[PDB]
Protein chains: 2
Amino acid sequence: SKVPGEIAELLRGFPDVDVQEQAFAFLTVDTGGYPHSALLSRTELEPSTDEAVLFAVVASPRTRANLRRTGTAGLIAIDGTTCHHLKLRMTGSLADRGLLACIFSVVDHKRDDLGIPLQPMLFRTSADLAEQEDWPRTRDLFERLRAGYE
Amino acid sequence: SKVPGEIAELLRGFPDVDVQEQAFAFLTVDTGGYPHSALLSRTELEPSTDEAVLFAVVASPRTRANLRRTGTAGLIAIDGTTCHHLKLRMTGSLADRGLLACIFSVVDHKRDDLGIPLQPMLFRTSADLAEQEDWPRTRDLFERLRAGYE
Ligand SMILES: Cc1cc2nc3c(=O)[nH]c(=O)nc-3n(C[C@H](O)[C@H](O)[C@H](O)COP(=O)(O)O)c2cc1C
Ligand SMILES: Cc1cc2nc3c(=O)[nH]c(=O)nc-3n(C[C@H](O)[C@H](O)[C@H](O)COP(=O)(O)O)c2cc1C
Ligand code: NA
Ligand code: NA
């Protein structure tokens with residue numbers, strides 16, 4: 001399958017600082033079988049150029065361990081009247097200090113739409129966040145991912 | 001443990017129609033071990049009066065089955081600068097047609113706060129939604145839950 005078109009458009013590209021962005025719930029499963037979440041943004045989510053796969057860069061330690069243990073993940077993405085629910089299977093990964101760069105195949109996509117306009121989770125980017133989430137290293141890892149995938 | 005105070009305040013009460021409300025990501029795990037999500041609101045989430053436990057009413061079929069299979073769940077709740085991540089263990093349930101009324105113990109709470117103001121997922125209630133999610137039956141089930149818990 002592929003990254004759904006509307007989701008590729010929601011995630012593609014990287015924000016500058018001081019800009020309103022959607023926070024995407026990035027889901028995993030912990031060792032007791034409980035669902036687990038982290039917030040990611042366009043900075044840590046990028047489709048491949050052909051949209052076949054979804055790349056992610058994850059800093060949060062428990063999410064990273066969950067991915068290493070089960071290889072399963074999911075995403076919530078909000079766009080207009082649609083809540084997109086994704087399920088993701090990790091097919092490869094690359095570690096760089098506290099960051100895990102991941103390649104995901106989409107294994108399921110549900111368009112959850114009741115005809116009711118939705119607002120996404122939102123936050124404003126900042127120079128502090130750029131430091132907390134190590135944007136320079138995330139960017140580098142995404143280019144390493146792009147290069148290896150191709 | 002108990003329902004965290006800030007989360008009890010976010011969930012308590014029931015909205016009328018045509019009102020802006022937060023949509024809470026309600027998480028489960030499916031049969032292949034993938035995280036799974038549904039959107040719920042204050043209409044389908046209510047703390048016990050003593051805040052010891054969290055009641056929920058779930059209509060979405062796969063979420064309901066996931067709960068029946070694993071008894072695990074989670075929640076995302078947004079409040080100011082804090083993203084609240086909850087993990088939930090189902091301790092009892094009651095079925096009424098297509099609805100599953102659930103009692104959850106909180107097994108974990110993480111306050112995820114980077115000092116960056118957050119906007120929750122939002123939607124406006126409506127008479128159609130009241131019908132789609134069967135508010136009269138949800139309300140009844142919550143009173144049945146309150147009664148049995150006490
Ligand atoms: C606005 C905001 C942005 C965040 N961005 C990221 C991010 O890009 N990468 C990340 O790993 N965690 C990020 N987080 C933090 C995760 O949501 C948080 O660490 C979560 O509890 C997951 O941590 P854990 O997997 O170690 O439990 C962000 C949090 C907020 C509030
Ligand atoms: C605005 C909005 C409100 C919703 N409210 C509810 C709800 O109260 N209860 C519910 O079970 N599903 C609700 N949903 C639908 C779930 O998010 C959706 O069915 C999801 O795909 C879970 O279905 P599944 O568990 O069968 O896969 C809502 C969807 C939207 C867009
Ligand atoms: Na991106
Ligand atoms: Na409520």
# chains A, B, ... in the order shown; residues from 1 in each chain; ligands from 1

$ calpha_fit_and_write --fixed "chain A" --moving "chain B" --output "PDB file with C-alpha atoms, in the first residue's frame"
ATOM      1  CA  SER B   1       0.000   0.000   0.000  1.00  0.00           C
ATOM      2  CA  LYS B   2       1.030   3.654   0.369  1.00  0.00           C
ATOM      3  CA  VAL B   3       0.824   6.689   2.603  1.00  0.00           C
ATOM      4  CA  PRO B   4      -2.682   8.052   1.911  1.00  0.00           C
ATOM      5  CA  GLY B   5      -2.561  11.158  -0.245  1.00  0.00           C
ATOM      6  CA  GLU B   6      -4.224  13.454   2.277  1.00  0.00           C
ATOM      7  CA  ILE B   7      -1.851  12.289   4.972  1.00  0.00           C
ATOM      8  CA  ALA B   8       1.239  12.764   2.803  1.00  0.00           C
ATOM      9  CA  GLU B   9       0.126  16.362   2.227  1.00  0.00           C
ATOM     10  CA  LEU B  10      -0.475  16.918   5.948  1.00  0.00           C
ATOM     11  CA  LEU B  11       3.002  15.663   6.910  1.00  0.00           C
ATOM     12  CA  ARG B  12       5.293  16.677   4.045  1.00  0.00           C
ATOM     13  CA  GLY B  13       7.788  19.445   4.668  1.00  0.00           C
ATOM     14  CA  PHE B  14       9.387  20.957   7.721  1.00  0.00           C
ATOM     15  CA  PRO B  15       8.221  24.017   9.660  1.00  0.00           C
ATOM     16  CA  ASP B  16      10.343  26.969  10.568  1.00  0.00           C
ATOM     17  CA  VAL B  17      10.199  28.340  14.107  1.00  0.00           C
ATOM     18  CA  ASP B  18       7.280  30.352  15.544  1.00  0.00           C
ATOM     19  CA  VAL B  19       4.656  28.697  13.299  1.00  0.00           C
ATOM     20  CA  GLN B  20       1.356  27.015  14.209  1.00  0.00           C
ATOM     21  CA  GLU B  21       1.542  23.306  13.440  1.00  0.00           C
ATOM     22  CA  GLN B  22      -0.600  20.269  13.985  1.00  0.00           C
ATOM     23  CA  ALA B  23       0.537  17.879  16.674  1.00  0.00           C
ATOM     24  CA  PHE B  24      -0.027  14.299  15.495  1.00  0.00           C
ATOM     25  CA  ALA B  25      -0.669  11.599  18.096  1.00  0.00           C
ATOM     26  CA  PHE B  26       1.927   8.906  17.394  1.00  0.00           C
ATOM     27  CA  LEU B  27       0.903   5.645  18.962  1.00  0.00           C
ATOM     28  CA  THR B  28       2.735   2.516  20.113  1.00  0.00           C
ATOM     29  CA  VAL B  29       2.112  -0.377  22.499  1.00  0.00           C
ATOM     30  CA  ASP B  30       4.002  -0.842  25.772  1.00  0.00           C
ATOM     31  CA  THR B  31       5.162  -4.082  27.458  1.00  0.00           C
ATOM     32  CA  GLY B  32       1.921  -4.594  29.339  1.00  0.00           C
ATOM     33  CA  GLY B  33      -0.159  -4.242  26.200  1.00  0.00           C
ATOM     34  CA  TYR B  34      -1.395  -0.724  26.892  1.00  0.00           C
ATOM     35  CA  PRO B  35      -1.663   1.800  24.059  1.00  0.00           C
ATOM     36  CA  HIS B  36       1.030   4.471  24.335  1.00  0.00           C
ATOM     37  CA  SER B  37       1.279   7.960  22.816  1.00  0.00           C
ATOM     38  CA  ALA B  38       3.750  10.712  21.968  1.00  0.00           C
ATOM     39  CA  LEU B  39       3.184  13.969  20.118  1.00  0.00           C
ATOM     40  CA  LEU B  40       5.093  14.399  16.838  1.00  0.00           C
ATOM     41  CA  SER B  41       4.902  17.047  14.153  1.00  0.00           C
ATOM     42  CA  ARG B  42       5.809  17.596  10.523  1.00  0.00           C
ATOM     43  CA  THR B  43       9.415  18.011  11.745  1.00  0.00           C
ATOM     44  CA  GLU B  44       9.513  14.351  12.810  1.00  0.00           C
ATOM     45  CA  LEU B  45       7.190  12.899  10.123  1.00  0.00           C
ATOM     46  CA  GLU B  46       7.946  12.735   6.421  1.00  0.00           C
ATOM     47  CA  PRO B  47       6.633  10.594   3.549  1.00  0.00           C
ATOM     48  CA  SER B  48       9.004   9.059   1.062  1.00  0.00           C
ATOM     49  CA  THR B  49       9.050  11.005  -2.241  1.00  0.00           C
ATOM     50  CA  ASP B  50       6.973   8.260  -3.932  1.00  0.00           C
ATOM     51  CA  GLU B  51       4.662   8.253  -0.875  1.00  0.00           C
ATOM     52  CA  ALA B  52       5.183   4.466  -0.519  1.00  0.00           C
ATOM     53  CA  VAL B  53       6.422   4.683   3.049  1.00  0.00           C
ATOM     54  CA  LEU B  54       6.346   6.969   6.084  1.00  0.00           C
ATOM     55  CA  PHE B  55       9.525   8.073   7.746  1.00  0.00           C
ATOM     56  CA  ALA B  56       9.600   9.175  11.362  1.00  0.00           C
ATOM     57  CA  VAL B  57      12.213  10.394  13.818  1.00  0.00           C
ATOM     58  CA  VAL B  58      11.420   9.577  17.474  1.00  0.00           C
ATOM     59  CA  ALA B  59      13.250  10.955  20.524  1.00  0.00           C
ATOM     60  CA  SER B  60      10.856   9.889  23.322  1.00  0.00           C
ATOM     61  CA  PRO B  61      12.538   6.857  24.954  1.00  0.00           C
ATOM     62  CA  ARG B  62       9.511   4.640  25.778  1.00  0.00           C
ATOM     63  CA  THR B  63       8.017   5.120  22.268  1.00  0.00           C
ATOM     64  CA  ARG B  64      11.408   4.173  20.860  1.00  0.00           C
ATOM     65  CA  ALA B  65      11.574   1.029  22.980  1.00  0.00           C
ATOM     66  CA  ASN B  66       7.982   0.120  22.110  1.00  0.00           C
ATOM     67  CA  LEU B  67       8.874   0.354  18.417  1.00  0.00           C
ATOM     68  CA  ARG B  68      11.976  -1.778  18.878  1.00  0.00           C
ATOM     69  CA  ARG B  69       9.911  -4.408  20.733  1.00  0.00           C
ATOM     70  CA  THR B  70       6.763  -4.722  18.600  1.00  0.00           C
ATOM     71  CA  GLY B  71       7.349  -2.809  15.378  1.00  0.00           C
ATOM     72  CA  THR B  72       3.745  -1.563  15.541  1.00  0.00           C
ATOM     73  CA  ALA B  73       2.585   2.027  15.623  1.00  0.00           C
ATOM     74  CA  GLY B  74      -0.291   4.232  14.624  1.00  0.00           C
ATOM     75  CA  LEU B  75      -1.136   7.828  13.868  1.00  0.00           C
ATOM     76  CA  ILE B  76      -4.033  10.234  14.261  1.00  0.00           C
ATOM     77  CA  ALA B  77      -4.205  13.033  11.663  1.00  0.00           C
ATOM     78  CA  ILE B  78      -6.960  15.664  11.528  1.00  0.00           C
ATOM     79  CA  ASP B  79      -7.965  17.373   8.286  1.00  0.00           C
ATOM     80  CA  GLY B  80     -11.246  19.223   7.884  1.00  0.00           C
ATOM     81  CA  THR B  81     -14.101  16.834   8.604  1.00  0.00           C
ATOM     82  CA  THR B  82     -11.879  13.732   8.583  1.00  0.00           C
ATOM     83  CA  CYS B  83     -10.042  12.090  11.432  1.00  0.00           C
ATOM     84  CA  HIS B  84      -7.469   9.807   9.807  1.00  0.00           C
ATOM     85  CA  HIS B  85      -6.546   6.715  11.825  1.00  0.00           C
ATOM     86  CA  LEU B  86      -3.391   4.970  10.611  1.00  0.00           C
ATOM     87  CA  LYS B  87      -1.792   1.688  11.588  1.00  0.00           C
ATOM     88  CA  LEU B  88       1.922   1.334  10.827  1.00  0.00           C
ATOM     89  CA  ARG B  89       4.423  -1.548  10.662  1.00  0.00           C
ATOM     90  CA  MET B  90       8.070  -0.632  11.116  1.00  0.00           C
ATOM     91  CA  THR B  91      10.239  -2.205   8.435  1.00  0.00           C
ATOM     92  CA  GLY B  92      13.601  -0.679   9.277  1.00  0.00           C
ATOM     93  CA  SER B  93      15.270   1.797  11.572  1.00  0.00           C
ATOM     94  CA  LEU B  94      18.469   3.706  12.212  1.00  0.00           C
ATOM     95  CA  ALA B  95      19.646   5.047  15.569  1.00  0.00           C
ATOM     96  CA  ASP B  96      21.590   8.294  16.053  1.00  0.00           C
ATOM     97  CA  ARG B  97      22.172   9.142  19.744  1.00  0.00           C
ATOM     98  CA  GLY B  98      18.785   9.593  21.437  1.00  0.00           C
ATOM     99  CA  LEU B  99      16.878   9.569  18.130  1.00  0.00           C
ATOM    100  CA  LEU B 100      15.384   6.591  16.261  1.00  0.00           C
ATOM    101  CA  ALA B 101      14.742   7.087  12.541  1.00  0.00           C
ATOM    102  CA  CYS B 102      12.029   4.711  11.354  1.00  0.00           C
ATOM    103  CA  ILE B 103      10.535   3.455   8.088  1.00  0.00           C
ATOM    104  CA  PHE B 104       6.861   2.493   8.265  1.00  0.00           C
ATOM    105  CA  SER B 105       4.555   0.668   5.918  1.00  0.00           C
ATOM    106  CA  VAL B 106       0.909   1.671   6.257  1.00  0.00           C
ATOM    107  CA  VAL B 107      -1.025  -1.466   7.088  1.00  0.00           C
ATOM    108  CA  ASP B 108      -4.396   0.206   7.670  1.00  0.00           C
ATOM    109  CA  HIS B 109      -6.076   3.560   7.110  1.00  0.00           C
ATOM    110  CA  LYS B 110      -9.535   4.533   8.328  1.00  0.00           C
ATOM    111  CA  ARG B 111     -11.211   7.774   7.242  1.00  0.00           C
ATOM    112  CA  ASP B 112     -13.365   8.627  10.276  1.00  0.00           C
ATOM    113  CA  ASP B 113     -15.665  11.428   9.153  1.00  0.00           C
ATOM    114  CA  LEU B 114     -19.029  12.437  10.617  1.00  0.00           C
ATOM    115  CA  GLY B 115     -19.365  15.597   8.510  1.00  0.00           C
ATOM    116  CA  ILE B 116     -18.451  17.731  11.535  1.00  0.00           C
ATOM    117  CA  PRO B 117     -15.551  20.179  11.058  1.00  0.00           C
ATOM    118  CA  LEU B 118     -12.603  19.226  13.247  1.00  0.00           C
ATOM    119  CA  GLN B 119      -9.737  21.221  14.689  1.00  0.00           C
ATOM    120  CA  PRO B 120      -6.424  19.369  15.053  1.00  0.00           C
ATOM    121  CA  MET B 121      -4.230  19.431  18.091  1.00  0.00           C
ATOM    122  CA  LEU B 122      -2.089  22.502  17.532  1.00  0.00           C
ATOM    123  CA  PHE B 123       1.102  24.053  18.864  1.00  0.00           C
ATOM    124  CA  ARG B 124       3.504  26.775  17.809  1.00  0.00           C
ATOM    125  CA  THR B 125       7.098  25.814  16.926  1.00  0.00           C
ATOM    126  CA  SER B 126       9.967  27.585  18.627  1.00  0.00           C
ATOM    127  CA  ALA B 127      13.737  27.779  18.844  1.00  0.00           C
ATOM    128  CA  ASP B 128      13.535  26.035  22.250  1.00  0.00           C
ATOM    129  CA  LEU B 129      11.507  23.150  20.728  1.00  0.00           C
ATOM    130  CA  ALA B 130      14.017  22.989  17.848  1.00  0.00           C
ATOM    131  CA  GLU B 131      16.621  22.385  20.528  1.00  0.00           C
ATOM    132  CA  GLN B 132      14.536  20.018  22.703  1.00  0.00           C
ATOM    133  CA  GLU B 133      13.680  17.806  19.690  1.00  0.00           C
ATOM    134  CA  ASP B 134      17.125  18.314  18.025  1.00  0.00           C
ATOM    135  CA  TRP B 135      15.898  19.508  14.642  1.00  0.00           C
ATOM    136  CA  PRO B 136      19.384  19.473  13.011  1.00  0.00           C
ATOM    137  CA  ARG B 137      19.850  15.774  13.805  1.00  0.00           C
ATOM    138  CA  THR B 138      16.273  14.906  12.855  1.00  0.00           C
ATOM    139  CA  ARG B 139      16.771  16.590   9.468  1.00  0.00           C
ATOM    140  CA  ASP B 140      20.023  14.751   8.906  1.00  0.00           C
ATOM    141  CA  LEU B 141      18.404  11.444   9.726  1.00  0.00           C
ATOM    142  CA  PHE B 142      15.555  12.121   7.312  1.00  0.00           C
ATOM    143  CA  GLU B 143      18.072  12.739   4.523  1.00  0.00           C
ATOM    144  CA  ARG B 144      19.903   9.528   5.498  1.00  0.00           C
ATOM    145  CA  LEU B 145      16.496   7.729   5.348  1.00  0.00           C
ATOM    146  CA  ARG B 146      15.649   9.293   1.966  1.00  0.00           C
ATOM    147  CA  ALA B 147      19.053   8.290   0.624  1.00  0.00           C
ATOM    148  CA  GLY B 148      18.909   4.684   1.828  1.00  0.00           C
ATOM    149  CA  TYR B 149      15.297   4.096   0.739  1.00  0.00           C
ATOM    150  CA  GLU B 150      16.030   5.316  -2.787  1.00  0.00           C
TER     151      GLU B 150
END

$ select_by_dssp --residues "region 6-147 of chain B" --states "helix (DSSP H, G or I)" --output "VMD selection string"
chain B and resid 6 to 11 42 to 44 61 to 70 127 to 132 135 to 147

$ select_by_dssp --residues "chain A" --states "strand (DSSP E or B)" --output "ChimeraX atom specification"
/A:20-22,24-29,35-40,45-47,54-58,72-79,82-96,99-113,119,122-124
